[PDB]
Every structure is written in C-alpha cells, then in structure tokens.
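Q: Chains as they are written, first to last, in the authors' numbering: chain D, 299 to 396; chain B, 299 to 396; chain A, 5 to 82, 88 to 396; chain M, 1 to 64, 87 to 124; chain R, 1 to 62.
From the three backbone atoms N, C-alpha and C, an ideal C-beta is built for every residue, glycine too.
Quick one: the structure is below, and I'll ask about it shortly.
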Amino acid sequence: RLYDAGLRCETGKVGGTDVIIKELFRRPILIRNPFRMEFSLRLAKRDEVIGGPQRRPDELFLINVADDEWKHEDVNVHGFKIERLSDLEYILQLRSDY
Amino acid sequence: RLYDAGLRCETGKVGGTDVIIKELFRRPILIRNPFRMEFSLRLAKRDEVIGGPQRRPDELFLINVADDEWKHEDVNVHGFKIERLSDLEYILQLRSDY
Amino acid sequence: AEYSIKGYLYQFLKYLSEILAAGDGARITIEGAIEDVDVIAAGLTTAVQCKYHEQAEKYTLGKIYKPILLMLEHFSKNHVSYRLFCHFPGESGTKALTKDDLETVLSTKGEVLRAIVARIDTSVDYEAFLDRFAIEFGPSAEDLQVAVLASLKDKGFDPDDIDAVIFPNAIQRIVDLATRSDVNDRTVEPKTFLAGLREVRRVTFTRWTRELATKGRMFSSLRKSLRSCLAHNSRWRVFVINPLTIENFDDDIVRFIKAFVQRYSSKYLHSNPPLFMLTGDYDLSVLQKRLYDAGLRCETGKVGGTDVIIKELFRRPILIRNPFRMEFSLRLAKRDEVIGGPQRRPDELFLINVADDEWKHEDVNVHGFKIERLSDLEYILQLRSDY
Amino acid sequence: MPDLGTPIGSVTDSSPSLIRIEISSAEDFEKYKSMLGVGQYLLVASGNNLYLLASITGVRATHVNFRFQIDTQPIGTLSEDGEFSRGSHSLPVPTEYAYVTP
Amino acid sequence: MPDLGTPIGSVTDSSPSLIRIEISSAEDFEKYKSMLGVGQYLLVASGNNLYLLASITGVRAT
C-alpha cells in the first residue's frame, strides 16, 4: 500500500526472514539537485528485532505500551494513551483542528 | 463562456463523442520566461469517464454527492454540504466575509 | 478485356491532328466506344471500338489472327463501327475484306480460339460485319506523337511549357469530351480550343496521360518548379482537396499526412504548421482518431463543437527545445464552415481537384493539379523517390 | 539520400570557417567514437532537403553534468537527388541536427 | 531609390573601418540568406537623404 502511495521503505531483510541490525540503521544516499532519496521510512516488527543500537535515540515515543527495553535515563521517553489516530495527528502538528 | 473570460480547458476529446482517460490526465507544457501555460482547468462529466487514474488522487472534495466510486481508504474524502455557491468561496480562502 | 488503351490513344491523337489542321467552322466529331458506359448512347449509337497491333512485316492473316477473332465476339453480342489501326512497312492502303477471307478466318488452327468463338452466336449477318468493319494501315504511334508535338509548336507558344503543361491538357480535354455521361457535343470549334488552352495553367495526371510519351518530363519539370518553395523552413502552406473521385482515399490519406508532417513540420524552427481542408460531406472524426493513434495531434479549432473560431485555428504554437515537444503538428477543418480570411496571406495554395477558391489573389502563388492516385503527388513533393 | 539514422547532437555556433557542435550524453559519444576522430566527415542540415558536409578539426570534453564539443570546417553541399556543389554557400542555423556519414 | 522595402536590423558599433550590424529574428535571416553572404552588398542609412555602401566581411550566429 505504501509503494502504491508513492513512498519507498527499508526493512533490513536480505531475502530471508531474519532482520539484520546493521542494514536497518544505515545512512542513506542523498543527492542535492535534484532531490533523490533512497528510502524515506523504516519498518520492522519488534519480535524480529533483537539486540541494541550502536547509537542511542534522541527521542522515543511510545504509544499504548507499558514499557520497553530501550527505556533509559539519558534517553527521553515520552508516553501517551489514545483512542484514535486523529489525536496523534494533532499531537504532532499535522491537523490544526482537533 | 470560459473561453470568453480568457481561460482554456481540456475536455479529453479527439473530436468524437467519447472520452479518453489518458489525455484527460496529463502534464501541460510550461514555459517560465515569458510565462505561459497550455491548459489551466479540466472539465468533464462523470457518466462519460469510465476507469481510474494511473495514480490515486490526494484530495477528493465532494459537494452534495453522497457516494462515488474512486472513494477509497488511502484517499482523503473531505465531503461537505452547501446551499449556495458563495459559501464555498469562504471555505476555500477566496472571500473574507461569510 | 485487354482494353488496348493505346488504341483509344492513337485515335485521340488522330483527332488532335485533325483539330489542329481543321479549318474554321469545321468541327470533327467523336464516338466513345462501349468501353465508355453511356445509357444515352448519343451520336445515333455510333460508338467506335478500336485496337492496335504492330511488329508485322508483310500483311498476313496469320499476323492479324487475334484481333479479328476478338472483334468477332464483340459484334456477336450485337452501331459499333469497328476500326483497326495498324502499320505495315510499304502498305498504306485501305480495303474491305471479302467472304472467302472471312471463311479463311473461320478456319481455326488454334483450338482455344475455337473455344472462344463457340461463345459466338452462329446466326449473324457476317456481311454486315464486313461492310461495317474497315482495315487501316496507318503510321507509327510514336512518330505521330512527334509530328503532333511539332505541330502544337507550330501554333506558337513558350517552347519550354508545351512539353509538360499543354499537350497532355489538350489530350485530356478531348478525352473528357469522348467519355462523359453529361450531355455533350463532339462538335467543338477548333478556334476556341486554342485560346481556351492559352488560358488555363493547371497540370493533369490522369491514367491516359500516364501512357503518353511525354511522361518522364511531366514529372521532372514540376519537381524543379516546386523545389525553391519547399526548401524554406518557415512558411504558410494551405491545401484543398475534393475526395469524390480520388482512388482509395480513406486508406492512404493518413500515409500522406504522416509522410508530410515527418519531413516538413516535425522540428523546432518549423513555426507554422500546415493546414488541410477537405470539401464535401466527409466526416473528420474518424481521420482524427486514426491519426492520434499514430502520434500526431490536431488543432480542429472548435472550442465547443458548434462552429469554428477563425482566430484560434491560426494561432502560433508552444515550442520547447530539449526535449522536443510540439503542441500541434497539423490543422484540419472543412471549407463550407470556415468563413472569412486571415490577417496574413498565404504563400502557397495547392488545389487538388478543384477549380477556384475565394482566397485566390495575385500575391498568392497558386498551383493546381488533377489526380487520381495520390502516390503520384508524393513524387512531386520530394517525399519519396520513384513512381 | 539513404537513411542517415539517428542524430548525435545539435549546433551551438555557426560561421563560414567554424561550426561548433555539442553532445549532451556520454552514451552517444562512446557509441559513435570510432567515427568522430579527426579526418572523418559529418553531415549537417541547412534546410529541409539540402545537407552540408563538414570535416572534423577538433574534439574536446569537460566535466561540470558533462560537455562534449566538436569543432568542424565546411567543404560543400549535397542534395537529395545527389547534386554536389562546392563553396560555403549557406550557413547552418542553430538548433539543427548533425548526422554521421555512411 | 527605389523602394528598398523593409529593413533587417540596426547598428551596434561604428568606425570608418568596420561596421557591426545585428539581427534578432530568425525568419528574416532564413528569408534573406541568399543575399547575406560574403561579397554581397548592403546599404546603411547615414543621414536623412543619403546612404552608405558596405561589403560584407563576416557573419556569426549564436
């Protein structure tokens, strides 16, 4: 559905099911003029991703989960509870009208 | 009348009585200096257009029409309802007063 | 059904010689044979068939087997004053055959001839055939044409024009006179003919003219006449056609338009595409769609389908260099609708199978033609190589 | 008169003594290399039917997309029928195409 | 005289030795190419009721 929408993804799966870590978090190719970008978003189901990142995340928004392993002190851990996505579309500056 | 006003249009016809969908959707020839533009608006009736675009639209407004085919999940339907035309100009940032 | 077209040709050439030598007030008459289909059968049913044969040294029934046997069936069907034109070296006399020679003919050594003759009804006034038919030993066709060219010159004309715009035109006028269902009188004053031709300045490319010996120059003179115009890049060209008589129109008109727009109006500097106008009750939507199928786009002119807008048909198109893209490469419309004239005038107005038009003027170089096969015109317009 | 084929580039400067052509992509150059060294001959349009024969005198290339330049000299004119005529008669205007010589 | 007709363009430099004429339309050049080659002649206006004869010595396009 996303490909049909226009965007492209990176899932860190070389053929098989396993999800490697290094290929997921790699830096992308970028060209200034014109603008071209290899991937724009990332996707990975959790149970398939085991381990830890070389680098820490600047922000880690959790939606409807009590806790996760990557919860750390020096890493900001925001949290919420929601009913539908529109509320989040408001909470992240997409829809000026609640 | 629209010609008399100073605007050209595309009607997706090659002379006959039936519409073609490939020319109904295409890119105009745009020149920068001096400015110029081939077709600015596109018109057609629904009962004549049969098929679907090579790509999904983004914003499908609807005025006093309940249901239509192109309606899908991954497309935005901003369905409305009006009494007179002058109101939509207030809904679309053309006129200031109600 | 050999049709011996060269026979009708020699006959018309004889008539032309007579018309040139005819004295004032003397109008020679003609008869188009059953080859022409005329329910009127004017001239008291005096149509005349003919045939041509050569390469016979001395007169023998053997050398003239086929033609006699052929005429026999045509008469077997059913006033057809058969006349035969032939050239035997050393014999220039006319005589009527007798009965024993007819029986000599009836003695058929070739069985296929007898198979063809069996179709002939035996009950026939063979004597009426004999006294109606005539045998003629006449000069050669090519030398006749040469003498005729010399005589056409004797009248006095621009020696360069007579080659390709006069002699075929006259032959064609005489042919039209010979085969026309419309009411007509073979009696034509020879004095008018001269000036009547002195006036017109249009070429012809009919089937008859195809076989005349002047072919070979009929093409090349025109090819050189039209070179300097097309050589240019930006010019205003206009066309007008009548699709009534043209042979195999709806099948080759597309090929024409495409082979044209591919060499003359598909490039940047070309900034004034051509126009094509068709007269009659012909539909255009079919042609338009069949062309779009190819890649070209038209400029019908109609915004609304109701009527034409003179100002839009003649606009100037958007152009873009790298990559090339051309909003329209051709125009198209009908004459009965288009009403008025432009702001700027044409520089060339070709007229195919039409007499006159309102745009005609002095400044506008006007060239006219008359054609049946379109593929002959391509040669004139440099589109292809050979005929 | 034969099928010259597809072109290689467009003109950018024109004069009696020098013609300066430019090629946009490198694929074309690497395709038609062997026929674009010094001494060989090219054809240029100078009107709907005619053509002009030109001799190469210089080649050059530069980076920053690419730029491929060719500098040539005229020898004469040739028509469709086949008539040759010598002399720098009619200059070729810009935006006209170049072809390779069979 | 007589009736020289429509012109082709105006000057953009001057000197006793050389003159430089300019043109900015294509159709004009394509239509008058034959008489715009080396050796041919042109008439430049140099006053109300006078004219100056010039012999071409170079052409360029860009």
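Could you check whether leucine 106 of chain A and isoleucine 144 of chain A sit closer than 8 Å to each other, using their CB atoms as the reference points?
A: The answer is yes: Cβ separation under 8 Å.
Q: Using only alpha-carbon positions, find the residue among M/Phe106, M/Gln91, M/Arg108 that is nearest to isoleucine 19 of chain M.
A: Cα-wise, what sits closest to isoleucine 19 of chain M is M/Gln91.
Q: In chain order, what are the residue ranges of uninterrupted alpha helix (DSSP H) at least 4 long that sit wholly in the region 219 to 307 of chain A?
A: Counting only runs of 4 or more, we get 227 to 234, 236 to 239, 258 to 270, 294 to 301.
Q: Quick check: the Cα distance between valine 247 of chain A and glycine 313 of chain B, rounded to an integer number of angstroms?
A: Roughly 21 Å between the two C-alpha positions.
Q: Check whether the Cβ atoms of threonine 113 of chain A and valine 126 of chain A sit closer than 8 Å, and answer yes or no.
A: Taking 8 Å as the Cβ cut-off, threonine 113 of chain A and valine 126 of chain A do not qualify as a contacting pair.
Q: Taking CB distances under 8 Å as the criterion, tell me whether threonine 62 of chain R reaches chain M.
A: Taking Cβ atoms only, chain M reaches closer than 8 Å to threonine 62 of chain R, which makes this a yes.
Q: At what residue ranges does the region 318 to 380 of chain B contain a whole run of the beta strand (DSSP E), taking only runs of 3 or more?
A: DSSP runs (the beta strand (DSSP E)) wholly in the region 318 to 380 of chain B: 357 to 361, 374 to 378.
Q: Using a Cβ cut-off of 8 Å, which residues of the region 330 to 363 of chain A contact any Cβ in chain B, in chain order?
A: For the region 330 to 363 of chain A, which is checked against every Cβ of chain B, the residues closer than 8 Å are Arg334, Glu336.
Q: Do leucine 53 of chain M and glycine 39 of chain M have their C-beta atoms within less than 8 Å of each other?
A: Going by C-beta atoms, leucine 53 of chain M is not nearer than 8 Å to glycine 39 of chain M.
Q: How big is the Cα-Cα spacing for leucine 390 of chain A and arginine 232 of chain A?
A: The straight-line gap from Cα to Cα measures roughly 7 Å.
Q: Rounded to the nearest angstrom, what separates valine 115 of chain M and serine 46 of chain M at their Cα positions?
A: Answer to the nearest angstrom: the Cα atoms are 7 Å apart.
Q: Is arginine 299 of chain D close to chain B? Criterion is C-beta to C-beta, closer than 8 Å.
A: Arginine 299 of chain D counts as touching chain B.
Q: Could you list which residues in chain R have their beta carbon closer than 7 Å to that of residue 84 of chain A, in chain order?
A: Within chain A, the sequence of modelled residues goes 82 then 88, so residue 84 of chain A has no position in this structure.
Q: Any idea what DSSP makes of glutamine 95 of chain M, helix, strand or coil?
A: Three-state result, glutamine 95 of chain M: strand.
Q: So is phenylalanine 214 of chain A buried or exposed if we call it buried at 16+ other beta carbons inside 10 Å?
A: Per the 10 Å Cβ criterion, buried.
Q: Report, in whole angstroms, the separation of the C-beta atoms of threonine 117 of chain M and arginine 330 of chain A, which I expect to be a contact under 8 Å.
A: With 8 Å as the limit, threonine 117 of chain M and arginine 330 of chain A qualify as a contact, their Cβ atoms being about 7 Å apart.
Q: Buried or exposed for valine 133 of chain A, please, with buried defined as at least 16 other CB atoms from any protein chain shown within 10 angstroms of its CB.
A: The residue in question, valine 133 of chain A, is exposed, as its Cβ has fewer than 16 Cβ neighbours within 10 Å.
Q: Give, in chain order, every residue of the region 303 to 316 of chain B whose Cβ lies closer than 7 Å to some Cβ of chain C.
A: The structure shown contains no chain C; its protein chains are D, B, A, M and R.
Q: Check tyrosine 388 of chain B in the structure and name its three-state DSSP category.
A: The answer is helix: DSSP assigns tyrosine 388 of chain B an H, G or I state.
Q: Closer than 7 Å, Cβ to Cβ, to anything on chain A: give me those residues from the region 27 to 48 of chain M, in chain order.
A: From the region 27 to 48 of chain M, only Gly47, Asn48 have a Cβ closer than 7 Å to chain A.
Q: Compute the Euclidean distance between the alpha carbons of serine 17 of chain R and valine 44 of chain R, then round it to the nearest angstrom.
A: So the alpha carbons of these two residues sit roughly 14 Å apart.
Q: So, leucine 322 of chain A versus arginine 334 of chain A, is the Cβ gap smaller than 8 Å?
A: Taking 8 Å as the Cβ cut-off, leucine 322 of chain A and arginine 334 of chain A do not qualify as a contacting pair.
Q: Pull the bridge partners of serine 10 of chain M from the DSSP assignment, please.
A: DSSP lists M/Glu22, M/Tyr119 as partners of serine 10 of chain M.
Q: Going by beta-carbon coordinates alone, are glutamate 336 of chain B and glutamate 336 of chain A separated by less than 8 Å?
A: Cβ distance < 8 Å, so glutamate 336 of chain B and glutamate 336 of chain A count as in contact.
Q: Going by beta-carbon coordinates alone, are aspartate 385 of chain A and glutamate 346 of chain A separated by less than 8 Å?
A: Taking 8 Å as the Cβ cut-off, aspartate 385 of chain A and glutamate 346 of chain A do not qualify as a contacting pair.
Q: Return the chain-ordered list of same chain residues with a C-beta closer than 7 Å to the C-beta of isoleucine 23 of chain A, the five sequence neighbours on each side being excluded.
A: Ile32, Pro199, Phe202, listed in sequence order.
Q: Go ahead and label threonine 218 of chain A buried or exposed: buried means 16 or more other beta carbons lie within 10 angstroms of its beta carbon, across all protein chains shown.
A: By the 10 Å Cβ count, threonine 218 of chain A comes out buried.
Q: Taking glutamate 58 of chain A as the reference, which of A/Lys10, A/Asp109, A/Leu74, A/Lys104 has the closest Cα?
A: Ranking the options by Cα distance to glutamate 58 of chain A, first place goes to A/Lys10.
Q: Taking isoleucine 327 of chain B as the query, report the chain A residues whose CB atoms sit under 8 Å from its CB, ordered along the chain.
A: Under the 8 Å cutoff, chain A gives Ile327, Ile329, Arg334, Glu336.
Q: Quick check: the region 249 to 259 of chain A against the region 289 to 298 of chain A, are at least 3 beta-carbon pairs closer than 8 Å?
A: Touching, yes, given that three or more Cβ pairs across the two stretches are closer than 8 Å.
Q: Would you say residue 83 of chain A faces chain B, with C-beta separation under 8 Å as the test?
A: What the structure lacks is residue 83 of chain A: chain A is numbered 82, then 88, with the residues between left out.
Q: Have a look at D/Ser338, D/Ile318, D/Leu328 and flag the residue whose alpha-carbon is nearest the alpha-carbon of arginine 306 of chain D.
A: When only C-alpha atoms are compared, the closest one is D/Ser338.
Q: Report, in whole angstroms, the separation of the C-beta atoms of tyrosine 12 of chain A and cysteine 54 of chain A, which I expect to be a contact under 8 Å.
A: Correct: roughly 7 Å between the Cβ atoms.
Q: Assuming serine 132 of chain A is part of the beta strand (DSSP E), what are its boundary residues?
A: That residue, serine 132 of chain A, is in no beta strand (DSSP E); it is neither H nor E in DSSP.
Q: Taking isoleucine 318 of chain A as the reference, give the member of A/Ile327, A/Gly304, A/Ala342 with the closest Cα.
A: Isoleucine 318 of chain A has its Cα closest to that of A/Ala342, out of A/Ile327, A/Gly304, A/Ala342.
Q: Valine 373 of chain D: buried (16+ other C-beta within 10 angstroms of its C-beta) or exposed?
A: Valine 373 of chain D should be labelled exposed.
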